[PDB]
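run04.pdb (PDB, N, CA and C atoms)
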ATOM      1  N   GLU A   7      87.426 121.382 119.411
ATOM      2  CA  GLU A   7      88.913 121.408 119.358
ATOM      3  C   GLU A   7      89.391 121.235 117.922
ATOM      4  N   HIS A   8      90.661 121.549 117.689
ATOM      5  CA  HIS A   8      91.248 121.433 116.361
ATOM      6  C   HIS A   8      91.629 119.986 116.081
ATOM      7  N   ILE A   9      91.345 119.106 117.035
ATOM      8  CA  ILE A   9      91.665 117.694 116.881
ATOM      9  C   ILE A   9      90.937 117.128 115.665
ATOM     10  N   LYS A  10      89.722 117.608 115.423
ATOM     11  CA  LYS A  10      88.955 117.139 114.278
ATOM     12  C   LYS A  10      89.693 117.435 112.980
ATOM     13  N   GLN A  11      90.135 118.679 112.808
ATOM     14  CA  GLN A  11      90.845 119.056 111.593
ATOM     15  C   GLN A  11      92.174 118.307 111.489
ATOM     16  N   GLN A  12      92.815 118.071 112.630
ATOM     17  CA  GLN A  12      94.081 117.344 112.671
ATOM     18  C   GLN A  12      93.877 115.958 112.065
ATOM     19  N   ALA A  13      92.808 115.291 112.484
ATOM     20  CA  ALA A  13      92.497 113.958 111.983
ATOM     21  C   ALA A  13      92.212 113.993 110.484
ATOM     22  N   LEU A  14      91.336 114.900 110.065
ATOM     23  CA  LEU A  14      91.001 115.013 108.651
ATOM     24  C   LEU A  14      92.241 115.238 107.798
ATOM     25  N   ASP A  15      93.128 116.119 108.252
ATOM     26  CA  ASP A  15      94.346 116.412 107.504
ATOM     27  C   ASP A  15      95.251 115.191 107.374
ATOM     28  N   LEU A  16      95.329 114.378 108.425
ATOM     29  CA  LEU A  16      96.154 113.175 108.364
ATOM     30  C   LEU A  16      95.537 112.190 107.374
ATOM     31  N   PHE A  17      94.212 112.063 107.397
ATOM     32  CA  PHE A  17      93.534 111.142 106.486
ATOM     33  C   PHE A  17      93.713 111.543 105.022
ATOM     34  N   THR A  18      93.538 112.829 104.722
ATOM     35  CA  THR A  18      93.682 113.296 103.344
ATOM     36  C   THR A  18      95.139 113.243 102.895
ATOM     37  N   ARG A  19      96.059 113.496 103.816
ATOM     38  CA  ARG A  19      97.470 113.429 103.473
ATOM     39  C   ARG A  19      97.808 111.996 103.069
ATOM     40  N   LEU A  20      97.342 111.024 103.851
ATOM     41  CA  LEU A  20      97.625 109.627 103.530
ATOM     42  C   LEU A  20      96.973 109.226 102.205
ATOM     43  N   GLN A  21      95.745 109.675 101.972
ATOM     44  CA  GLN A  21      95.063 109.362 100.716
ATOM     45  C   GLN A  21      95.892 109.843  99.526
ATOM     46  N   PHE A  22      96.460 111.037  99.653
ATOM     47  CA  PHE A  22      97.283 111.606  98.599
ATOM     48  C   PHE A  22      98.514 110.743  98.351
ATOM     49  N   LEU A  23      99.216 110.404  99.427
ATOM     50  CA  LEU A  23     100.426 109.602  99.314
ATOM     51  C   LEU A  23     100.193 108.232  98.687
ATOM     52  N   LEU A  24      99.100 107.580  99.071
ATOM     53  CA  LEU A  24      98.790 106.251  98.555
ATOM     54  C   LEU A  24      98.486 106.200  97.064
ATOM     55  N   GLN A  25      98.294 107.362  96.452
ATOM     56  CA  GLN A  25      98.011 107.435  95.023
ATOM     57  C   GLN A  25      99.289 107.654  94.213
ATOM     58  N   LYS A  26     100.438 107.591  94.879
ATOM     59  CA  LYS A  26     101.722 107.801  94.213
ATOM     60  C   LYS A  26     102.412 106.518  93.762
ATOM     61  N   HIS A  27     101.734 105.385  93.898
ATOM     62  CA  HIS A  27     102.317 104.103  93.501
ATOM     63  C   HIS A  27     102.099 103.832  92.017
ATOM     64  N   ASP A  28     102.744 102.796  91.490
ATOM     65  CA  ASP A  28     102.595 102.481  90.070
ATOM     66  C   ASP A  28     101.207 101.995  89.674
ATOM     67  N   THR A  29     100.460 101.466  90.636
ATOM     68  CA  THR A  29      99.094 101.029  90.382
ATOM     69  C   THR A  29      98.290 101.503  91.578
ATOM     70  N   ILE A  30      96.969 101.470  91.471
ATOM     71  CA  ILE A  30      96.151 101.920  92.583
ATOM     72  C   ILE A  30      95.211 100.828  93.102
ATOM     73  N   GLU A  31      94.933  99.821  92.279
ATOM     74  CA  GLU A  31      94.044  98.738  92.704
ATOM     75  C   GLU A  31      94.385  98.127  94.069
ATOM     76  N   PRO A  32      95.664  97.800  94.318
ATOM     77  CA  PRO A  32      95.985  97.211  95.625
ATOM     78  C   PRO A  32      95.737  98.134  96.815
ATOM     79  N   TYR A  33      95.589  99.426  96.544
ATOM     80  CA  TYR A  33      95.367 100.420  97.593
ATOM     81  C   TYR A  33      93.933 100.911  97.703
ATOM     82  N   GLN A  34      93.067 100.498  96.785
ATOM     83  CA  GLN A  34      91.691 100.987  96.815
ATOM     84  C   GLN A  34      90.928 100.706  98.101
ATOM     85  N   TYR A  35      91.103  99.526  98.685
ATOM     86  CA  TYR A  35      90.393  99.217  99.922
ATOM     87  C   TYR A  35      90.835 100.209 101.003
ATOM     88  N   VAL A  36      92.142 100.438 101.112
ATOM     89  CA  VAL A  36      92.661 101.375 102.098
ATOM     90  C   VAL A  36      92.136 102.783 101.815
ATOM     91  N   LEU A  37      92.004 103.140 100.538
ATOM     92  CA  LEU A  37      91.479 104.456 100.192
ATOM     93  C   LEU A  37      90.010 104.549 100.629
ATOM     94  N   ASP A  38      89.262 103.447 100.505
ATOM     95  CA  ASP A  38      87.860 103.409 100.942
ATOM     96  C   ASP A  38      87.810 103.638 102.451
ATOM     97  N   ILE A  39      88.713 102.986 103.179
ATOM     98  CA  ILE A  39      88.771 103.131 104.632
ATOM     99  C   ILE A  39      88.971 104.597 105.013
ATOM    100  N   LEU A  40      89.853 105.275 104.289
ATOM    101  CA  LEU A  40      90.125 106.675 104.562
ATOM    102  C   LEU A  40      88.932 107.558 104.213
ATOM    103  N   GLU A  41      88.263 107.258 103.106
ATOM    104  CA  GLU A  41      87.104 108.053 102.704
ATOM    105  C   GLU A  41      85.999 107.916 103.750
ATOM    106  N   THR A  42      85.833 106.708 104.274
ATOM    107  CA  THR A  42      84.824 106.455 105.289
ATOM    108  C   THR A  42      85.207 107.150 106.596
ATOM    109  N   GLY A  43      86.488 107.105 106.956
ATOM    110  CA  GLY A  43      86.931 107.774 108.168
ATOM    111  C   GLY A  43      86.684 109.267 108.045
ATOM    112  N   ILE A  44      86.944 109.809 106.863
ATOM    113  CA  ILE A  44      86.724 111.228 106.620
ATOM    114  C   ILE A  44      85.233 111.569 106.734
ATOM    115  N   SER A  45      84.375 110.748 106.135
ATOM    116  CA  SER A  45      82.933 110.988 106.188
ATOM    117  C   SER A  45      82.406 110.927 107.619
ATOM    118  N   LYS A  46      82.814 109.900 108.356
ATOM    119  CA  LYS A  46      82.379 109.730 109.735
ATOM    120  C   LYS A  46      82.824 110.904 110.600
ATOM    121  N   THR A  47      84.053 111.366 110.378
ATOM    122  CA  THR A  47      84.604 112.482 111.131
ATOM    123  C   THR A  47      83.884 113.776 110.738
ATOM    124  N   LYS A  48      83.670 113.987 109.443
ATOM    125  CA  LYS A  48      82.964 115.185 108.989
ATOM    126  C   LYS A  48      81.559 115.245 109.589
ATOM    127  N   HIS A  49      80.905 114.090 109.700
ATOM    128  CA  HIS A  49      79.558 114.016 110.267
ATOM    129  C   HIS A  49      79.551 113.907 111.788
ATOM    130  N   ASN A  50      80.696 114.183 112.401
ATOM    131  CA  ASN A  50      80.829 114.172 113.854
ATOM    132  C   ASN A  50      80.358 112.910 114.585
ATOM    133  N   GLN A  51      80.721 111.745 114.055
ATOM    134  CA  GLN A  51      80.348 110.481 114.684
ATOM    135  C   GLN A  51      81.433 110.072 115.677
ATOM    136  N   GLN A  52      81.014 109.609 116.856
ATOM    137  CA  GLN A  52      81.942 109.218 117.911
ATOM    138  C   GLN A  52      82.881 110.388 118.158
ATOM    139  N   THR A  53      84.186 110.158 118.067
ATOM    140  CA  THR A  53      85.154 111.232 118.254
ATOM    141  C   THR A  53      86.213 111.100 117.168
ATOM    142  N   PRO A  54      86.940 112.189 116.874
ATOM    143  CA  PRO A  54      87.971 112.081 115.838
ATOM    144  C   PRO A  54      89.019 111.043 116.246
ATOM    145  N   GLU A  55      89.332 110.987 117.538
ATOM    146  CA  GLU A  55      90.312 110.031 118.041
ATOM    147  C   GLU A  55      89.842 108.602 117.792
ATOM    148  N   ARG A  56      88.555 108.350 118.009
ATOM    149  CA  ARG A  56      87.982 107.028 117.774
ATOM    150  C   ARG A  56      88.015 106.678 116.283
ATOM    151  N   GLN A  57      87.708 107.653 115.431
ATOM    152  CA  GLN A  57      87.728 107.410 113.993
ATOM    153  C   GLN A  57      89.158 107.139 113.534
ATOM    154  N   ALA A  58      90.127 107.797 114.166
ATOM    155  CA  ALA A  58      91.524 107.588 113.812
ATOM    156  C   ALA A  58      91.950 106.173 114.202
ATOM    157  N   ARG A  59      91.465 105.696 115.344
ATOM    158  CA  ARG A  59      91.793 104.349 115.796
ATOM    159  C   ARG A  59      91.278 103.329 114.791
ATOM    160  N   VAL A  60      90.021 103.486 114.391
ATOM    161  CA  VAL A  60      89.407 102.582 113.429
ATOM    162  C   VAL A  60      90.142 102.596 112.091
ATOM    163  N   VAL A  61      90.475 103.789 111.604
ATOM    164  CA  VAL A  61      91.189 103.919 110.340
ATOM    165  C   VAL A  61      92.532 103.201 110.433
ATOM    166  N   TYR A  62      93.276 103.467 111.501
ATOM    167  CA  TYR A  62      94.578 102.834 111.669
ATOM    168  C   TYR A  62      94.471 101.318 111.722
ATOM    169  N   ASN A  63      93.602 100.810 112.593
ATOM    170  CA  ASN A  63      93.437  99.367 112.735
ATOM    171  C   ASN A  63      92.986  98.714 111.435
ATOM    172  N   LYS A  64      92.049  99.338 110.732
ATOM    173  CA  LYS A  64      91.576  98.758 109.482
ATOM    174  C   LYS A  64      92.659  98.743 108.410
ATOM    175  N   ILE A  65      93.484  99.785 108.363
ATOM    176  CA  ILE A  65      94.553  99.831 107.374
ATOM    177  C   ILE A  65      95.649  98.819 107.715
ATOM    178  N   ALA A  66      96.004  98.719 108.992
ATOM    179  CA  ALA A  66      97.029  97.757 109.400
ATOM    180  C   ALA A  66      96.576  96.344 109.023
ATOM    181  N   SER A  67      95.295  96.069 109.230
ATOM    182  CA  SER A  67      94.731  94.768 108.907
ATOM    183  C   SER A  67      94.752  94.527 107.400
ATOM    184  N   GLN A  68      94.303  95.514 106.631
ATOM    185  CA  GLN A  68      94.272  95.358 105.187
ATOM    186  C   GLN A  68      95.674  95.197 104.614
ATOM    187  N   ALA A  69      96.660  95.841 105.233
ATOM    188  CA  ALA A  69      98.031  95.715 104.755
ATOM    189  C   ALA A  69      98.459  94.248 104.836
ATOM    190  N   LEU A  70      97.896  93.500 105.781
ATOM    191  CA  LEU A  70      98.212  92.076 105.889
ATOM    192  C   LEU A  70      97.461  91.353 104.776
ATOM    193  N   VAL A  71      96.168  91.641 104.674
ATOM    194  CA  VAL A  71      95.290  91.029 103.678
ATOM    195  C   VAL A  71      95.698  91.284 102.228
ATOM    196  N   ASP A  72      96.068  92.522 101.909
ATOM    197  CA  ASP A  72      96.466  92.855 100.546
ATOM    198  C   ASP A  72      97.975  92.909 100.339
ATOM    199  N   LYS A  73      98.731  92.447 101.334
ATOM    200  CA  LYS A  73     100.195  92.426 101.280
ATOM    201  C   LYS A  73     100.744  93.758 100.769
ATOM    202  N   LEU A  74     100.422  94.832 101.482
ATOM    203  CA  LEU A  74     100.847  96.170 101.093
ATOM    204  C   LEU A  74     102.185  96.588 101.689
ATOM    205  N   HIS A  75     102.969  97.311 100.890
ATOM    206  CA  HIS A  75     104.288  97.800 101.291
ATOM    207  C   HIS A  75     104.316  99.327 101.244
ATOM    208  N   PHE A  76     104.170  99.957 102.408
ATOM    209  CA  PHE A  76     104.150 101.416 102.499
ATOM    210  C   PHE A  76     105.526 102.069 102.519
ATOM    211  N   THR A  77     105.572 103.315 102.057
ATOM    212  CA  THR A  77     106.808 104.086 102.024
ATOM    213  C   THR A  77     107.074 104.682 103.403
ATOM    214  N   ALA A  78     108.263 105.246 103.586
ATOM    215  CA  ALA A  78     108.616 105.862 104.858
ATOM    216  C   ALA A  78     107.635 106.989 105.184
ATOM    217  N   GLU A  79     107.272 107.762 104.168
ATOM    218  CA  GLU A  79     106.345 108.873 104.341
ATOM    219  C   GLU A  79     104.955 108.372 104.750
ATOM    220  N   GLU A  80     104.498 107.302 104.112
ATOM    221  CA  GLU A  80     103.197 106.734 104.436
ATOM    222  C   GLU A  80     103.199 106.176 105.859
ATOM    223  N   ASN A  81     104.262 105.465 106.222
ATOM    224  CA  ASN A  81     104.354 104.909 107.567
ATOM    225  C   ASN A  81     104.379 106.019 108.610
ATOM    226  N   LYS A  82     104.996 107.143 108.262
ATOM    227  CA  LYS A  82     105.076 108.276 109.172
ATOM    228  C   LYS A  82     103.681 108.824 109.454
ATOM    229  N   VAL A  83     102.875 108.975 108.410
ATOM    230  CA  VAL A  83     101.521 109.484 108.588
ATOM    231  C   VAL A  83     100.673 108.470 109.357
ATOM    232  N   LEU A  84     100.829 107.187 109.042
ATOM    233  CA  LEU A  84     100.079 106.149 109.743
ATOM    234  C   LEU A  84     100.415 106.158 111.226
ATOM    235  N   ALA A  85     101.690 106.349 111.547
ATOM    236  CA  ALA A  85     102.105 106.384 112.945
ATOM    237  C   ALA A  85     101.479 107.591 113.643
ATOM    238  N   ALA A  86     101.368 108.699 112.915
ATOM    239  CA  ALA A  86     100.775 109.919 113.456
ATOM    240  C   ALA A  86      99.289 109.697 113.750
ATOM    241  N   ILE A  87      98.621 108.929 112.895
ATOM    242  CA  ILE A  87      97.207 108.629 113.092
ATOM    243  C   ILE A  87      97.058 107.752 114.340
ATOM    244  N   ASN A  88      97.951 106.776 114.485
ATOM    245  CA  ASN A  88      97.931 105.876 115.637
ATOM    246  C   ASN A  88      98.149 106.695 116.914
ATOM    247  N   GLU A  89      99.081 107.643 116.852
ATOM    248  CA  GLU A  89      99.390 108.495 117.999
ATOM    249  C   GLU A  89      98.179 109.327 118.384
ATOM    250  N   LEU A  90      97.571 109.969 117.391
ATOM    251  CA  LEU A  90      96.398 110.796 117.633
ATOM    252  C   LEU A  90      95.307 109.963 118.296
ATOM    253  N   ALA A  91      95.167 108.720 117.844
ATOM    254  CA  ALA A  91      94.164 107.801 118.369
ATOM    255  C   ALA A  91      94.451 107.368 119.804
ATOM    256  N   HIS A  92      95.611 107.761 120.323
ATOM    257  CA  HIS A  92      95.990 107.417 121.691
ATOM    258  C   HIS A  92      96.011 108.636 122.609
ATOM    259  N   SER A  93      95.890 109.822 122.022
ATOM    260  CA  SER A  93      95.886 111.070 122.782
ATOM    261  C   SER A  93      95.814 112.272 121.845
TER     262      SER A  93
END
Before we go any further, please render this structure as structure tokens.
Amino acid sequence: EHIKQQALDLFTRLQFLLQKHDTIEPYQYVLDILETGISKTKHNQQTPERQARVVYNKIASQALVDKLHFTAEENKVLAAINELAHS
């Protein structure tokens, strides 16, 4: 299904957006999470929906840990990843 590409596109879109801040250090962990989600999905591990769930949960958690403040656009993509991870 095209669900795989859908997931990859959401992950890369978010990676792009997260690099638009004044610094990148506070976002590196989240970028690592996305790179890993992309690798796992590219290598067909579990399902794209499962990888999206993990990416979303890990980013939501890190946002607490690194006190991250996402933009409307970033939150929109994150919500889309959460949605995909539910259906």
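Proximity of A:88, A:64, A:77, A:54 to residue A:13, computed with all atoms listed in the file, is greatest for A:54.
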Contact residues around stretch 69-76 of chain A with only N, CA and C atoms at 8 Å, ignoring same-chain residues under 5 positions, as a compact mmCIF listing (two decimals) with N, CA and C atoms, keeping the file's coordinate frame:
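Generated file (result23.txt):
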# COMPACT_ATOMS: atom_id res chain seq x y z
N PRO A 32 95.66 97.80 94.32
CA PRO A 32 95.98 97.21 95.62
C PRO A 32 95.74 98.13 96.82
N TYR A 33 95.59 99.43 96.54
CA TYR A 33 95.37 100.42 97.59
C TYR A 33 93.93 100.91 97.70
N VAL A 36 92.14 100.44 101.11
CA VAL A 36 92.66 101.38 102.10
C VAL A 36 92.14 102.78 101.82
N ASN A 63 93.60 100.81 112.59
CA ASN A 63 93.44 99.37 112.74
C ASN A 63 92.99 98.71 111.44
N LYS A 64 92.05 99.34 110.73
CA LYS A 64 91.58 98.76 109.48
C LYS A 64 92.66 98.74 108.41
N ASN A 81 104.26 105.46 106.22
CA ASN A 81 104.35 104.91 107.57
C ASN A 81 104.38 106.02 108.61
N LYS A 82 105.00 107.14 108.26
CA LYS A 82 105.08 108.28 109.17
C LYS A 82 103.68 108.82 109.45
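For the set A:14, A:27, A:80, A:90, the residue with the smallest atom-to-atom gap to residue A:47 is A:14, counting only N, CA and C atoms.
Comparing the minimum interatomic distances between residue A:40 and each of A:17, A:52, A:28, A:8, counting all atoms listed in the file, we find that A:17 sits nearest.
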| request: Using backbone DSSP assignments, extract all helix (DSSP H, G or I) residues from chain A; output them as number ranges by chain. | output: A: 9-26, 31-48, 54-71, 78-90
Can you fill out stretch 28-40 of chain A with N, CA, C and O atoms and hand it back as a short mmCIF file (atom, residue, chain, number, x, y, z; two decimals), in the coordinates of the input?
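Result saved to rebuild.cif:
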data_model
loop_
_atom_site.label_atom_id
_atom_site.label_comp_id
_atom_site.auth_asym_id
_atom_site.auth_seq_id
_atom_site.Cartn_x
_atom_site.Cartn_y
_atom_site.Cartn_z
N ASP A 28 102.74 102.80 91.49
CA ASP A 28 102.60 102.48 90.07
C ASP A 28 101.21 102.00 89.67
O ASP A 28 100.83 102.07 88.51
N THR A 29 100.46 101.47 90.64
CA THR A 29 99.09 101.03 90.38
C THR A 29 98.29 101.50 91.58
O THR A 29 98.87 101.92 92.59
N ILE A 30 96.97 101.47 91.47
CA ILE A 30 96.15 101.92 92.58
C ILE A 30 95.21 100.83 93.10
O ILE A 30 94.78 100.87 94.25
N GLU A 31 94.93 99.82 92.28
CA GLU A 31 94.04 98.74 92.70
C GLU A 31 94.38 98.13 94.07
O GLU A 31 93.50 97.95 94.91
N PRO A 32 95.66 97.80 94.32
CA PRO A 32 95.98 97.21 95.62
C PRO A 32 95.74 98.13 96.82
O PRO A 32 95.67 97.68 97.95
N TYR A 33 95.59 99.43 96.54
CA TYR A 33 95.37 100.42 97.59
C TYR A 33 93.93 100.91 97.70
O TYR A 33 93.61 101.66 98.62
N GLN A 34 93.07 100.50 96.78
CA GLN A 34 91.69 100.99 96.82
C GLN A 34 90.93 100.71 98.10
O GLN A 34 90.18 101.56 98.56
N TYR A 35 91.10 99.53 98.68
CA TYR A 35 90.39 99.22 99.92
C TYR A 35 90.84 100.21 101.00
O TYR A 35 90.00 100.77 101.72
N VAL A 36 92.14 100.44 101.11
CA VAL A 36 92.66 101.38 102.10
C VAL A 36 92.14 102.78 101.82
O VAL A 36 91.85 103.54 102.74
N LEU A 37 92.00 103.14 100.54
CA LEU A 37 91.48 104.46 100.19
C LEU A 37 90.01 104.55 100.63
O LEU A 37 89.56 105.61 101.07
N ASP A 38 89.26 103.45 100.50
CA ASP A 38 87.86 103.41 100.94
C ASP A 38 87.81 103.64 102.45
O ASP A 38 86.96 104.37 102.95
N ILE A 39 88.71 102.99 103.18
CA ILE A 39 88.77 103.13 104.63
C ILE A 39 88.97 104.60 105.01
O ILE A 39 88.34 105.11 105.94
N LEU A 40 89.85 105.28 104.29
CA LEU A 40 90.12 106.68 104.56
C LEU A 40 88.93 107.56 104.21
O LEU A 40 88.61 108.50 104.95
#
